[PDB]
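Chains as they are written, first to last, in the UniProt record's numbering: chain A, 332 to 360; chain B, 62 to 71; chain C, 364 to 509, 518 to 622.
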Amino acid sequence: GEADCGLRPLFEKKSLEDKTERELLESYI
Amino acid sequence: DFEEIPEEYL
Amino acid sequence: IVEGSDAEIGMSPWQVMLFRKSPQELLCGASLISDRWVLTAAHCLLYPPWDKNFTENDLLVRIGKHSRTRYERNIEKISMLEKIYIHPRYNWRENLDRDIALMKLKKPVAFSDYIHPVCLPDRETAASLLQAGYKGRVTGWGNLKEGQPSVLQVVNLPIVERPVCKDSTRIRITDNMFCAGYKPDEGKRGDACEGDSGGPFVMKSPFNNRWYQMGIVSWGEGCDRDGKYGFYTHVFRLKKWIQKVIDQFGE
Ligand SMILES: COc1ccc(S(=O)(=O)NC[C@@H](O)[C@H](Cc2ccccc2)[NH2+]Cc2cc(Cl)ccc2N2C=NNN2)cc1
Ligand code: NA
């Protein structure tokens with residue numbers, strides 16, 4: 332896997348969360 | 062529907 | 364996407380639009396997995412029953428987009444295809460088994476706030492995340508109903532138990548597919564629809580906070596029907612082929 336893959340410049344890179352990613356996390360029970 | 066893209070791409 | 368919402372700017376920077384050169388139209392979604400490789404559904408490129416068999420010069424990819432129709436000057440990048448690779452055992456005759464294809468770009472695309480690759484899963488990432496009830500995310504510029520969005524749409528959908536997928540359809544399901552979507556009794560809705568095929572089904576690993584593409588929007592009977600589910604190509608199951616192509620034909 333590529334060094335920086337899957338980390339979004341406007342979200343993970345800056346520690347901002349998008350409006351619905353928590354819904355995903357909440358489902359990973 | 063779609064805006065013209067620059068002709069360099071076509 | 365049916366029953367989704369507008370994406371946020373840069374929310375899906377691996378999103379790729381597969382765009383026909385002439386007539387100028389949206390064909391499918393796709394995803395950026397490196398600076399020169401794009402992943403999509405084989406059926407977006409090759410489908411003999413409808414006389415679909417695109418060559419490299421028929422197509423462009425548009426990367427970094429938000430608006431469906433506008434030319435996003437100084438934001439999107441438009442790339443030409445060097446070469447298309449379709450899985451050699453893609454089953455267009457029966458059930459779209461192994462619905463996967465790679466496209467190599469003529470030149471590397473520059474990463475930016477709006478352009479960034481998604482990860483592909485390892486065995487352990489797939490085993491941990493591909494569980495019934497676990498939610499992934501689907502994005503695309505496809506139709507809003509079985518009409519067309521102004522901007523990229525997003526919907527989160529739960530992975531469905533394999534017996535329930537099998538019992539929803541008369542199509543023969545394989546281990547290279549998984550299905551996703553809410554049940555009739557769940558109330559919430561959502562699905563891909565026409566124009567979304569080939570785009571990514573992604574999950575955010577809670578272990579390392581990275582997005583992985585677990586699926587490719589592959590097939591569905593109608594859109595957002597009760598008792599029906601979207602079917603997705605199982606990306607990890609075909610990663611050996613992906614790596615083979617990239618290892619042989621990557622520079
Ligand atoms: C050869 O294998 C086949 C498998 C399934 C089907 S189907 O279920 O009868 N039709 C699927 C089709 O609507 C489409 C995929 C496709 C496009 C072009 C050629 C062949 C197949 N389904 C795309 C799709 C995926 C998802 Cl996850 C959700 C909804 C839809 N969808 C339905 N209508 N429009 N988009 C047909 C052939
Ligand atoms: Na459904």
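Heads up, the beta-carbon is just placed ideally off N, CA and C, and yes, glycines get one too.
Among C:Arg581, C:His450 and C:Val424, nearest to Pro340 (chain A) - alpha-carbon criterion
On the first sequence, position 9 is the one that residue 340 (chain A) refers to. Among C:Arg581, C:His450 and C:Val424, the Cα nearest to that of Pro340 (chain A) belongs to C:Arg581.
Measuring CB atoms only, is the region 590-597 of chain C touching the region 485-503 of chain C, in the sense that at least three cross pairs come out at less than 8 Å?
no
Return the chain-ordered list of same chain residues with a C-beta closer than 6 Å to the C-beta of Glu371 (chain C), the five sequence neighbours on each side being excluded.
Taking the first residue of the third sequence as position 1, residue 371 (chain C) is located at position 8. Here the set comprises nothing.
Top-ranked residue by Cα proximity to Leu422 (chain C), from C:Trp413, C:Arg436 and C:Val401:
As a position in the third sequence, residue 422 (chain C) is number 59, starting the count at 1. Ranking C:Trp413, C:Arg436 and C:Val401 by Cα distance to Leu422 (chain C) puts C:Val401 first.
Indicate whether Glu333 (chain A) and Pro376 (chain C) have their beta-carbon atoms separated by less than 8 Å.
One-based indexing of the first sequence puts residue 333 (chain A) at position 2. One-based indexing of the third sequence puts residue 376 (chain C) at position 13. Cβ atoms of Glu333 (chain A) and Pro376 (chain C): not closer than 8 Å.
Limits of the beta strand (DSSP E) - the one that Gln519 (chain C) falls within:
The count along the third sequence starts at 1 and reaches residue 519 (chain C) at position 148. Note, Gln519 (chain C): premise wrong, no beta strand (DSSP E); not H, not E.
Compute the distance between the beta-carbons of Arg399 (chain C) and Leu609 (chain C), then report whether it is under 8 Å.
Start at 1 with the first residue of the third sequence, and residue 399 (chain C) comes out as number 36. Start at 1 with the first residue of the third sequence, and residue 609 (chain C) comes out as number 238. In this structure, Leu609 (chain C) does not lie closer than 8 Å to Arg399 (chain C) by Cβ.
What I want to know is whether the C-beta of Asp597 (chain C) ends up closer than 7 Å to one or more non-hydrogen atoms of ligand 3.
As for ligand 3, it is missing from this structure, which binds only ligand 1 and ligand 2.
Note down, in chain order, each residue of its chain lying with its Cβ closer than 8 Å to the Cβ of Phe607 (chain C), except the 5 sequence neighbours on either side.
As a working mapping, residue 607 (chain C) is identified with position 236 in the third sequence. Cβ neighbours of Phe607 (chain C) beyond the five flanking positions: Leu483, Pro484, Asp485, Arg486, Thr488, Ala489, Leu493 and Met585.
Run through chain C and tell me which residues come within less than 9 Å of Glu65 (chain B), C-beta to C-beta.
Residue numbering aside, residue 65 (chain B) sits at position 4 when the second sequence is read from its first letter. Those within 9 Å of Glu65 (chain B) in chain C are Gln387 and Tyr434.
Taking Cβ positions, are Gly566 (chain C) and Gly503 (chain C) nearer each other than 8 Å?
Within the third sequence, residue 566 (chain C) is the residue found at index 195, counting from 1. Within the third sequence, residue 503 (chain C) is the residue found at index 140, counting from 1. A contact, by the Cβ cut-off of 8 Å.
Determine the direct distance from the alpha carbon of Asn579 (chain C) to that of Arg431 (chain C), and round the result to whole angstroms.
Residue 431 (chain C) sits at position 68 when you count from the first residue of the third sequence. Residue 579 (chain C) sits at position 208 when you count from the first residue of the third sequence. C-alpha separation (whole angstroms): 31 Å.
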